Amino acid sequence: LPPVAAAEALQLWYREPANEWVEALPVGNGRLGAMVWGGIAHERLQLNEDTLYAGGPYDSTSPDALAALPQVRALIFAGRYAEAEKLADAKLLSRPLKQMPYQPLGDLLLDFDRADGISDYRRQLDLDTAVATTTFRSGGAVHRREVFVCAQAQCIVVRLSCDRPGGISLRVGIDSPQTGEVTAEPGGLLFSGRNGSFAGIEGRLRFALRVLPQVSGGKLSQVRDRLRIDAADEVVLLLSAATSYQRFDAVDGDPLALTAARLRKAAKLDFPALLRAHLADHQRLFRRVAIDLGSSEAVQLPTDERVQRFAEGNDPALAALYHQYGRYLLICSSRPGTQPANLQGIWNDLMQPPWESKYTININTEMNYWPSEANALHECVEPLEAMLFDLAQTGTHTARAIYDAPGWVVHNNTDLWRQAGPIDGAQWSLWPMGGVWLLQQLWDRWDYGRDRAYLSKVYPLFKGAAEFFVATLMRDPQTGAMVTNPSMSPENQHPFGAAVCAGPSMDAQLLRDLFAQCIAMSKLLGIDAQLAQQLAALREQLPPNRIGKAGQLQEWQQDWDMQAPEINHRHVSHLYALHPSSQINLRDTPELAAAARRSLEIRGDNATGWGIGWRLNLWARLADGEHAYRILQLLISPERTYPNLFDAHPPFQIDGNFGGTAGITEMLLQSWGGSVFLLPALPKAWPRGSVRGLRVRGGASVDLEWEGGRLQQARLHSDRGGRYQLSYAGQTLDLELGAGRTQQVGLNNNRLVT
Amino acid sequence: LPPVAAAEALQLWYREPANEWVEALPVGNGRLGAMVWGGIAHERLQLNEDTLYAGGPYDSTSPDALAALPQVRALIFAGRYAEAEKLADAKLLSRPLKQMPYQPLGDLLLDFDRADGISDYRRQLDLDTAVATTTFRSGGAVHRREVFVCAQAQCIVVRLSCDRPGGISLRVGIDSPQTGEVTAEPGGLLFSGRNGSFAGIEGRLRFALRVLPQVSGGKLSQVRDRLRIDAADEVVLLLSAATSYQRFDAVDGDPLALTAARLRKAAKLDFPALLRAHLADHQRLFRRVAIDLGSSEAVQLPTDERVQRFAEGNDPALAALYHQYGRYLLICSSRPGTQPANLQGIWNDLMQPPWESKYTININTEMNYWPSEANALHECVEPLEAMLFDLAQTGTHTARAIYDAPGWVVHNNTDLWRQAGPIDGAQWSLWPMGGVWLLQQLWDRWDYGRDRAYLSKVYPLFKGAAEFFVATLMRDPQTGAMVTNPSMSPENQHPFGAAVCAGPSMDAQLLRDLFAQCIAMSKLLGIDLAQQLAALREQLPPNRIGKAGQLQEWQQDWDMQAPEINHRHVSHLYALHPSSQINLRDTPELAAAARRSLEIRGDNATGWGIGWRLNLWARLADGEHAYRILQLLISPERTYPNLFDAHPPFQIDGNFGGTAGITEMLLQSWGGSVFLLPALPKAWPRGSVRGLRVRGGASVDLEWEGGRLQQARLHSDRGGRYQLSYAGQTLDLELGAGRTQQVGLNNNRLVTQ
Ligand SMILES: [Ca+2]
Ligand SMILES: [Ca+2]
């Protein structure tokens, strides 16, 4: 488990305390999170538990939906999309119109009674240790505060230290926008309460937050709702949190007992022993991947200045830091047994956050988990798998209540209560492909891990999704294909006064992949030979990929792209086949790839943080390193990245962080088809470097080293053996490896050889 | 009544919220204060009430002091100084050794529900309005928060505004290191408790802090110990506070009822009515004086950067801003009926502040009130006069119990409980001149105002001080003068292993002024005996010039053999400033000797030490040396980003000494004369000043250009004779009551106009 870079190269640091939330630094263990401001005399730690949402179990299905569905479908086939959207909002959409928001737990307040003559201030976050440290000089003493969240102890650990005796004096309190009661003793604090209502859905959750002090020296007392510590030698605060949430339909947990159990269990330990356990668990996952894109003197600059000055072309390491920040954030927001990374990971200080900070699944949640497999963090996918089994249940209800159809269906959003209906507005959400796109991540887990028992476990999910579309696909009267109706291209207006339509190109691409996967699983598992044969015939009937009058790949069945209202729409939904899919690629479909390149050129480069991140991956797939680097400059910029390196929609949306990590990876290594492509989109700004521990499909890992803009060496390690193909700059090399063996590759007189 | 500068020329402003206490901005009405951090989503207002100290009434007098006093005196006359100090600490010093500290009331916590996409941030403090304003843009809406403390309604007013409807959502809490309990209703908050003990003295004070919300729109609720406001159009918070303190021996007040009566009275008014009343009261005092030292583009810079760049010589207006900051701080920390400005004014967030944040009267509290008269703020002296009336009572007990002498005496420190004995250590505190030096401010009140009824009121204080020294002065067996014993020169070690000695030069200068004042008041009031004060005054140790041409700090020529040649105190220069006992005109030789003493000491010291040297060089009519001192004072080494003076740490004395020194450079009033631009530096080639007060009941307006006097206007309030002096040229004038005389230059001659 060797380190993956120099200690300096993986730290975010600043010369001043934070003035805004988007300057505070995040720590987390997958389910318990904290934002650290680094205050000197008055410090605030803003906390989250990843099951604290408003409301309770509910059913937003509209009882009017199934009745009005045939008329919406007939209006769309008649080309009266504005009337169909109006009718859909009236009768089809969910009631209530909104889903439930992710909400903050509270803030830990640390108020020291003196801070005289401050010098040499530094607050930092070390990605290798997941510790937020604040340090300064006061008088003759060095004062230090360290915060981290351990997945083993399931506690936030806060240590207040000073290199002179009797220098820790403060009070400790809890502040929260949630209702409840705080009880305070010398022995510690407890904050117990219930969540609130939202959109008429009453709050049925209970929560508990506990604060336990461990004081060496001084006096420990209690005043009002706060702990008081006078002239102590060292203080360690341990914090645990939980809710009563058990399932989307079950809220009978005991957060009071669970938090107390974790505290007394963890209180039996010593801080060096606490630290060794946290470092071991965190570093077993973080140190799996090492990346080096170059080093400069700019590594000495504080992180905020690096973001402001990255456009100077003199700080290659900031791209590598951004890459590892996404791997870090996925580790800290999505561990096995926790909730999936929502729109903000787990970090949120707003009771009514933007778009409820839930799971928007017409691009954003998918982008969150894009970097998982290639960056050796497939265990972080477990929450998505668990959520998808939940959506199999609720989505079955939705499929039968809205469409009177078998199988299961999900639209463009879901929350902690796993609702699967369309919400907000038909022009954004009347889109039945949410489950299909989320399932693409599970297919990658099969294709990367090749665990046959896993495929057996996840196949019923793919079957049920296929069954829904077998029953819902319709013959299109203008084109003659089997299409979806009602649907939409997220989230674009077509040239005829609405967004709803029949068989948008994204639906055809998603179902082409879904049906191919169901057929391949039927052969690999020896079941459902029939239905797989009919999925093949139904697959041929889907709307085909088409090239329009401007040489562009068509977003809709009809050649509408050049007369669409917003030519630079942030969504590029019809380019899904070029990325994240490889259905369209430069090798196997050169014409359609050139048409997708033309469509991407017509859309333009600038958009939201996630829109920029999607364009980064697309240009990486097109093997254009210089354009991909130009997109990366737009992503890592004062317009789209906060001083704490958070991605900006704006405001903060964690999707762009994960998409940027995946796009940087895609520029250096790609794995699709039967091949592995080496440095397909390497930009001139990265002439030398290395990457180690990347994963490819077929159960293998790759290490890469390059110099002068040219490949120097690569190592392919196969776990169980198999045949592979390496491709570099148009040259291919067919290999065969045994289980647990390594094949080194290199360049000899400009030829790719072993 | 008209403004005294452009609005932007008298504001402190910054691009970012404060990270430390010394970056927060102060507001106050004399007794109720707030330090404003300017936080965006999480703001703190740190609060103070100027009667909240630790402890309670006590008597620190040592019962072993009188018995050991004759041996301390004989040991000093025998030149055994170290042993006298040790015996004094053992038997003479106060018990407990320390006095009580000034302590913070608590913090108001304003935690808002949104701060999305923040731009255009600015936090500021306007000296002309005494309002701390923080503004920024969120999305397309403008958010603003304003804080001020009104002296009429006796309330802190906090206004949370936004230019879009329903944009104010937050919670309001109270956090304090003081004990007590907070109760919470939708109708408001109350924090009631008792103070704590210090140095064995129990806490006998009770305090109350009330918060009254006034919410336009939205929903007003209470959760836990906090108020909750959701989606309001506008929020005004009213805050009142008080203690049970009544005087040094009475702690039976009713702060619970006082704060409630102030709140319900103020709640009957509108915010424009509240603001109008506050603006009228504050600007009635602040706008009396205008100063203009020049301008430049540097006025556009944030105040923190201006302090860092003042040495570049391109920001002359910073000195004028610093000068008016001192006038602002006195107005906001010392109004009639309030406590005097302590070591930190009224602003303090520490339970155990440096040197208890009390009243050190061997330079510091005097420096606080130096700028009062010339800058037209004599009303701010009332708390000092009130404290001096207290000290005549407790100082009488101290005089009888320590010295078995009549009259009253105070040493070098006092607190809210008005103790008058020596504390901490004999090498710093064994010094009986505290009340004598504080009385000099009261004489300036007489000399500036000439109110005869005021002289009758304050005369008993001057008589009582003279009576104590008539009874304690002793014949020095080595020198033959009448000297103080035991005493010291604050707080310098002499060449013989201690600081205690007999008849230090400062004591002789203070008593020469005190005896001349008591004699002159005897002739003005036709009472009393002044005959013996005249003979006793003639016996005091004279002003002497030593071997180095220096004014001697002690009776003997010891200056060149002292351990610390650059001591922060210049106590024996008191006669040159703040007194005029020695000056360039009447005592040329002694004035040149004080310059030599000042040159040997050097220019660098604490913030207050630099401020004293600034006034001293101003009195020596040396503009360039005075300006060199000012560059030491207004610098990153001695001034915080909020313009607070640095000892270090924060000590308000330097601010007031800086305001006084800048004034002394431009206008001086002593002797029978008024000196115009006596210490003008080349850095201020043109400018003006109006509304300054001079002795004899008159005011002066001044204008200069090209480094030379352009015009001066002398207005006499009730008539009298005056003499103006400019660059050694004099002009004798006689003005009637309420009349004005303009003077100017003609062929480099001071003439009338
Ligand atoms: Ca999670
Ligand atoms: Ca006061």
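Chain identifiers are assigned alphabetically (A, B, ...) following the order of the sequence lines, protein sequences preceding nucleic acid strands; residue numbering begins at 1 within each chain. All ligand and atom numbering here is 1-based and tracks the order in the structure. All values below come from the heavy atoms of this structure, side chains included, with hydrogens, waters and symmetry mates left out.
- Salt bridge absent: A:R284 and A:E379 never bring a charged side-chain N and a carboxylate O closer than 4.0 Å.
- Classification of the A:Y245-A:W417 ring pair by plane angle, with boundaries at 30° and 60°, yields perpendicular.
- Between A:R445 and A:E373 there is a salt bridge, with a side-chain nitrogen of the basic residue lying less than 4.0 Å from a carboxylate oxygen of the acidic one.
- When atom types are taken as modelled, the side chain of A:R206 and the backbone of A:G253 share a donor-acceptor pair closer than 3.5 angstrom.
- Considering A:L125, A:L45, A:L108 as possible partners of A:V147, the one that fulfils the side chain to side chain contact (heavy atoms under 4.5 Å, CB included) test is A:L45.
- Under the 6.0 Å cut-off for aromatic ring centres, A:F652 and A:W21 qualify, their centroids lying closer than that.
- Around the Ca ion (ligand 2), the protein atoms of type N, O or S found under 3.0 Å away are B:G30 O, B:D50 OD2, B:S333 O, B:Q339 O, listed by chain and number.
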